[PDB]
Amino acid sequence: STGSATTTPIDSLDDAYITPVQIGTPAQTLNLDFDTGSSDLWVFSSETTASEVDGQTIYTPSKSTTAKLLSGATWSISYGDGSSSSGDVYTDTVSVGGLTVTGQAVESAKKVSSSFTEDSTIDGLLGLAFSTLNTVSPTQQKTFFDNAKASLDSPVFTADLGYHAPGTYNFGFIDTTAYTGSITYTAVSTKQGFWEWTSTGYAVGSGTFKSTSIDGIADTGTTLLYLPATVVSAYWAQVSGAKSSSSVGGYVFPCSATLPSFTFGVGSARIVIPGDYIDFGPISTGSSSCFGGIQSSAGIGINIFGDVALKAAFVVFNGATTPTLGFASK
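Cut-off values and rules
Residues numbered from 1 in each chain as written, not as in the entry; some residues may be left out. Heavy atoms only, no water. Residues with missing side-chain atoms left out of burial classes, pairs and counts. Helix = DSSP H or I, 4+ residues; strand = E, 2+ residues; numbered from the N terminus. Rg over C-alpha atoms; globule rule 2.2 N^0.38 Å. Contact = heavy atoms within 4.5 Å. UniProt positions renumbered as here; feature names shortened; annotations may be inferred. Buried < 20%, exposed > 50% of the residue type's maximum accessible area, 1.4 Å probe, protein only. Pairing = 2+ DSSP bridges. Axes fitted to C-alpha atoms, helices over the stretch in contact; angles between N-to-C directions. Disulfide = S-S within 2.5 Å. Domains from an automatic or database assignment. Nonpolar A, V, L, I, M, F, W, Y, C, P; charged D, E, K, R; others polar. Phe/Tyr/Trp six-rings, centres within 6.5 Å; stacked < 30°, edge-to-face > 60°. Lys NZ or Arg CZ within 6 Å of the ring centre and 35° of its normal.

Method of determination, as annotated in the archive: X-ray crystallography, at 1.4820 Å resolution.

Rendered as structure tokens:
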């Protein structure tokens, strides 16, 4: 089997991407944030604290003839930006782009943090990291991909995120028309439950390539590119007026600047992030100070190849017995 679904930026900055997901019988369609950095599929629901719901579409298990309470199961998750959610669990039929999993754990939110309440466009998250990170207790649950894997034509999914435009998540096949050149594959460590890999280096603009190992995660659920302070400083040093602002919470730059590209290495291959991808616009409405899309990972504890990086590539998440990651230009 295979599945194919369009993923759409939630706003003009590509702060996140939402993909329609069918849950239950009859189908209830919710727009979920596919997150290769976590492993829980959770939704706004009829059980979510009313004051914490603000425009989202909710899942109502009682209206689904295939929903079953997973008795005794609870979940609770916190993300790298400090947001969180928690609740109980149902199993139900979940379909993405034509690919159907029966008995998928659908984690129903009883509580969500303010950042989720404020994102009216995000009805929940669909985790695509390794199932070892799933937070359901006392019986850990599998991701949608993990449940689908054996039925897929090939045990893979691909992320093809657009810049200021829709893109595609495919399950079970590689669309050879969706990228240019070849896909370069690179080793993955699953030891921390992430799609963790080591980039071979970077370049800033037309600068020479610096060969250096950068361990980080491929995370569709993180907006920006978080890299070591040395790398990030080298990038922003090429932008007149750019500075790290503790009050704003990262590097800012004059909105009048033309940003240089940033290249990252995948083995001997190179992915180029155009400068425009690194512009996250005014820090506040009307400001001439703009927020940068490359930020330091110091104090996160891990480097994160988020959407800024991933949207510059066609990315293969290969869930074979020994997982790997593939990157192609597009």
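There is more to say after this.
A.B. asks: Can you explain the overall build of the protein chain? Please cite residues and give values.
C.D. replies: Helix and strand counts for the protein chain stand at four helices and 24 strands. Here the C-alpha radius of gyration of the protein chain, 20 Å, is about what a compact globule of 330 residues would show, namely 20 Å. C-alpha extents for the protein chain along the principal axes are approximately 60 × 45 × 30 Å. Look at the contacts in the protein chain between residues 6 or more apart in sequence, and 66% of them connect residues 24 or more apart.

A.B. asks: Kindly report on the UniProt feature "active site" in the protein chain, identifying the contributing residues and their values.
C.D. replies: In the UniProt entry, the feature "active site" is given for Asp35 and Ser199. Mapped onto the secondary structure, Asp35 falls in strand β3 (residues 28-35). Look past the residues within four positions of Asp35 in its chain and what remains in contact with it is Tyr79, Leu125, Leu126, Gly127, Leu128, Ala129, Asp219, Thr220 and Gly221. Mapped onto the fold, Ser199 is located in strand β12 (residues 196-204). Relative accessible area serves as the criterion here: at 1%, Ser199 is assigned to the buried category. For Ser199, the residues in contact, after removing those within four places along its chain, are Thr212, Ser213, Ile214, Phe264, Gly265 and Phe305.

A.B. asks: Help me get a handle on the sheet that holds strand β16 (residues 250-254), residues and values and all.
C.D. replies: One open sheet holds the four strands; their spatial order is β15-β16-β20-β19, and the pairing between them is antiparallel. Here the strands that pair on one side only, and so sit at the sheet edges, are β15 (243-245) and β19 (279-282). The average angle at which neighbouring strand axes cross in this sheet is 40°, direction not considered. Examined bridge by bridge, β16 and strand β20 (residues 289-292) share three bridges and lie antiparallel to one another. Bridge pairing in β20 places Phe253 opposite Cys290.

A.B. asks: Break down the state of the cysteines for me, with residues and values.
C.D. replies: The final tally for this structure, using the stated rule, is one disulfide. Note that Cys255 is cross-linked by a disulfide to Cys290, the S-S spacing being 2.1 Å. Across the S-S bond linking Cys255 and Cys290, the dihedral sits near 110°, which makes this disulfide right-handed. Remark: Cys290 occurs in strand β20 and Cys255 occurs in the loop between β16 and β17 (262-266); sequence separation between them is 35 residues.

A.B. asks: Break down the sheet that holds β17 for me, citing the residues and quoting the values.
C.D. replies: In space, the seven strands of this open sheet follow the order β18-β17-β12-β13-β22-β14-β21, with mixed pairing throughout. Sheet topology places β18 (269-273) and β21 (294-296) at the edges, where each strand pairs with a single neighbour. Going across the sheet, the axis of each strand differs from the next one's by a mean of 45°, ignoring polarity. Bridge analysis of β12 against strand β13 (residues 210-218) gives six bridges, and the strand direction is antiparallel.

A.B. asks: Now, about the environment of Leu161: what can you tell me, with residues and values included?
C.D. replies: Among the structural elements, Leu161 can be located in the loop between β9 (156-160) and β10 (167-171). With a relative accessible area of 1%, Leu161 lands in the buried category. With 146 residues separating them in the primary sequence, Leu161 and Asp307 have C-alpha atoms 7.6 Å apart.

A.B. asks: Could you give me a rundown of the domain arrangement of the protein chain, with the residues and numbers involved?
C.D. replies: In terms of domains, the protein chain is made up of domain 1 (5-174) and domain 2 (175-330). Centre-to-centre separation of domain 1 and domain 2, based on C-alpha positions: 25 Å. Contacts between domain 1 and domain 2 engage 30 residues on the former and 32 residues on the latter. The set of elements that each furnish at least two residues to the side of domain 1 that touches domain 2 consists of β3, β9 and β10. With five residues, the single largest contributor to the side of domain 1 that touches domain 2 is β9. Taken together, the residues of the side of domain 1 that touches domain 2 break down into 18 nonpolar, six polar and six charged.

A.B. asks: How would you summarise the packing of aromatic side chains if you had to cite specific residues and measurements?
C.D. replies: Taken as a whole and judged by the stated rule, the model has 26 aromatic pairs. Here the aromatic rings of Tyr163 and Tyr277 are separated by 4.3 Å at their centres, their planes lie at 15°, and the arrangement is stacked. Here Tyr277 lies in the loop between β18 and β19 and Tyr163 lies in the loop between β9 and β10, a separation of 114 residues in the sequence. Aromatic rings pair up to connect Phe34, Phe130, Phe144, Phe145, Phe157, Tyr169, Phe171, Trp195 and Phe317 into one cluster. The ring of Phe209 is capped by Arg270, whose NZ or CZ atom sits 3.6 Å from the centre of that ring. The ring of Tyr277 is capped by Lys311, whose NZ or CZ atom sits 5.9 Å from the centre of that ring.

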